Ligand SMILES: Cc1ncc(COP(=O)(O)O)c(CN[C@@H](C)C(=O)O)c1O
Ligand SMILES: Cc1ncc(COP(=O)(O)O)c(CN[C@@H](C)C(=O)O)c1O
Ligand SMILES: [Zn+2]
Ligand SMILES: [Zn+2]
């Protein structure tokens, strides 16, 4: 499978924006969908839409087989031991909030610590802010090296015997850093803590093995991995999910319901209240099939190649600072001197190029970089070296345009 | 008014065979099917302008954002809410009711307070309150029901006291078909210093909703039941109450300022929408609203009342069938055949291509109130005909003859 | 037609179940099919390594109750390992699978038909799951 | 090109803003643009129903800061809830629709251009959004 074939599978790519070929470099905000996924949704709504689980008719059976088969696909995709440890959620944000509600608030006292990073996405900051605040625990931040990486010595200094939870993103959406999740899980466990991994940015771009990572929790979003909007996954070690209370209560997640008491269903359905995200989960399974057929290792190799090409082209343009280290994921966060990233993004979009400008939901990281906003181009499986060339040419037009004033 | 042939023509899923019979889908109370309008809305979203919303700077981002917020406006008009500030997009009715129980109930229950619900309630409108009371030391109380499965306003006045803070009630029972006097119940709740939470999952698809006339404090609905996509729903709440409720989830999108240890929340409604929202689902729900509005909800209600009366009369000419609930009802019939367990009834009906639901339809206490272990239920929607009622009744008769000759 | 699911032996075990009751000093588990209309309470007294007698009490659909009767009667005197092997054979039987016809099922074979009615698999499976939790 | 709807006067206000600073003993609202990156701290000291002095400090794009600057100078000495009327007129102006033109409406108007590039509407509305929360009881 060539790059042209891959792009040929994404209908949204083949259109014009302001009389230019679309150059979509905002996959870190959200990914586009291949024909496979969209037609999965079409076939669901055209042929076998019905409610899932408790029902008795043919269409119901088809829809239930689809939903649970998608669960199996996710389990194999991330190498979780059991289906009992794969919970369908609304997204990474909901997954992390479920961890903070059901686990964190049941296992923090005064004296306990939750340890996070300066690089964290807001999704992996605010829930912990709230949890420590409700339990009387303490939030602590792992410092970062000047290049924006994490030192294992810094985490060993920050993590103490009082630490109960360590939460860290697998890959930074701003810096492109791939954090040493395995060694961090080791340090967390050595100090009597569990580790919660925000894997929103890693799952779409690199193979995930939760068993090798030995992470206690892992959160991911479908819309970033060629999947439908509105669905994500919470993975948690079976033993931990057994002893966490449900995050929501209603139909589907119960065993018996009395007037005053109710018993919960076994995992994973304990944590899936009400009519689940049927079509979205089935479409996420389709997206997993698609990404697997291409190969996550090929997608990672391709994104590195484009990241290296982009960096090398970037700094031989003067007057751009790129943030973060040499080895990185498929994204570049940067700034042009004396041109706010909003103006950069408007000029780039006038040349048909889509990038994100501002915070990227990581305010403390912006404070740590001593900047108010940044521009970010991100890459995925459908992006080319030609689009990198168009991006650099547009950045140059942006500079020259804002000098003629 | 409603041309049923034209209506059915728009629902591709209806035109297929199941076990050599024309599909007879009478399970819309579990979930609805989708017209071409909605499915093509999803297609066009994923094919033309999928991008992340709000925080965005490029063309496609603007298109997707305008789509999402326009859907919010469509919902606001659909249910006649005063302001967009009072329309929150959720995962579904279950998530909406759980948000009320988490953010409102637990902050406004102390010992001595009462939560007042109904015997007929869906589990979604039971278990959250069970948990909330138990976390606050409050008390759960049940409004009793009449013989015919209706609620008397007098029993409400007897049950609700000055200690009542919350009254939660379904607008329409998914088992009995009862249309509960929500307006008068809201007045009784307000006279006793309580707010009213309406489970409107079953009314919204079949009836016009006016939250201003109903004067309900909260209203929950599910998209998948009103010809809309799975995985999205709505929570409506009076602006003044949402202003003083803490968010139910924490993460990106829902914040204003983020410090290392503390954060401020966005204004309504975005206060309650953490992370990348259910973009495609919300846009598709807006499309479903447009479709239903063009047909007319009052016309859909008239059609379902005609089919409910026709079904009831044909049912009473079937001996050895018990129908549950009152004469005046919504578009559903819950019943049992004597000496034929509902599972066997559902298997025979599905063998004749007819789709109905069997079990406790997520209302266990109601099943206990009827002294039954399980029931069968046929439900009707805008695409169902009198001919399908005839097929249902003839299949029930074949079921009777088959199990007892 | 429907006659390939509701076979005569099945309907006979539904009308006249075999081991009806809940009995004495025993291991007693209870079960409920997700779609709450099938309830079983399984009673087994185990003799070292074999099941000397098994009985059940319940209320539910034809398939669930007939499967409970046929199972309870097909496990009398059989070993634990033979019983679990029967259970695995039955689970394969309700899917598409070939299965090992070594090991008599007796009347149990009649439930082959509800392979073409997957909505009733758990109906037929309830009983056997009661056994797998029994051990 | 089409990006010459980045009006010449607008670039003056981004270049050399008007009311940059703080205003003590007054009404202080703070806002961030939904499209993250534009920050305003809008401070108004008022003489009853008029804003005697309005100043702002912030960091952000050309349009947001320029709209704030032009705003603070066209809103130095403004009258009654006619200020809210200006706000509604501005919001209509960014949705393309014509307005009740010339109730002074000092300066600005060049922001008419971002009726195109809708991704920047929020940029220009930030300042005005602050005003509407400033008056909100
Ligand atoms: C009356 C009623 N209330 C509340 C809910 C919960 O909605 P979600 O599952 O969409 O969150 C449902 C859904 N119905 C299903 C479960 C049914 O009973 O047929 C319902 O019919
Ligand atoms: C590192 C990281 N963590 C967590 C999230 C939250 O995902 P959902 O909103 O899908 O649940 C994101 C989303 N991405 C966007 C916000 C971005 O990087 O600009 C992310 O990049
Ligand atoms: Zn059964
Ligand atoms: Zn801006």
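Chain C uses Swiss-Prot numbers throughout; the residues present, in order, are 6-140.
The way this entry was determined, per its header, is X-ray crystallography, 3.5 Å.
Positions of Cβ are set from backbone N, Cα and C atoms, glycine also.
Swiss-Prot annotations:
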BINDING   C:41, C:43, C:66, C:128  Zn(2+) binding site
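Feature map: Swiss-Prot annotations on the structure.
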{"residue": "C:41", "record": "Zn(2+) binding site", "Cβ within 10 Å": "19"}
{"residue": "C:43", "record": "Zn(2+) binding site", "Cβ within 10 Å": "30"}
{"residue": "C:66", "record": "Zn(2+) binding site", "Cβ within 10 Å": "27"}
{"residue": "C:128", "record": "Zn(2+) binding site", "Cβ within 10 Å": "29"}
* Out of C:41, C:43, C:66, which binding-site residues lie by ligand 3, with a C-beta less than 6 Å from some atom of it? -> C:43, C:66
* In DSSP terms, helix, strand or coil for residue C:41 (Zn(2+) binding site)? -> coil
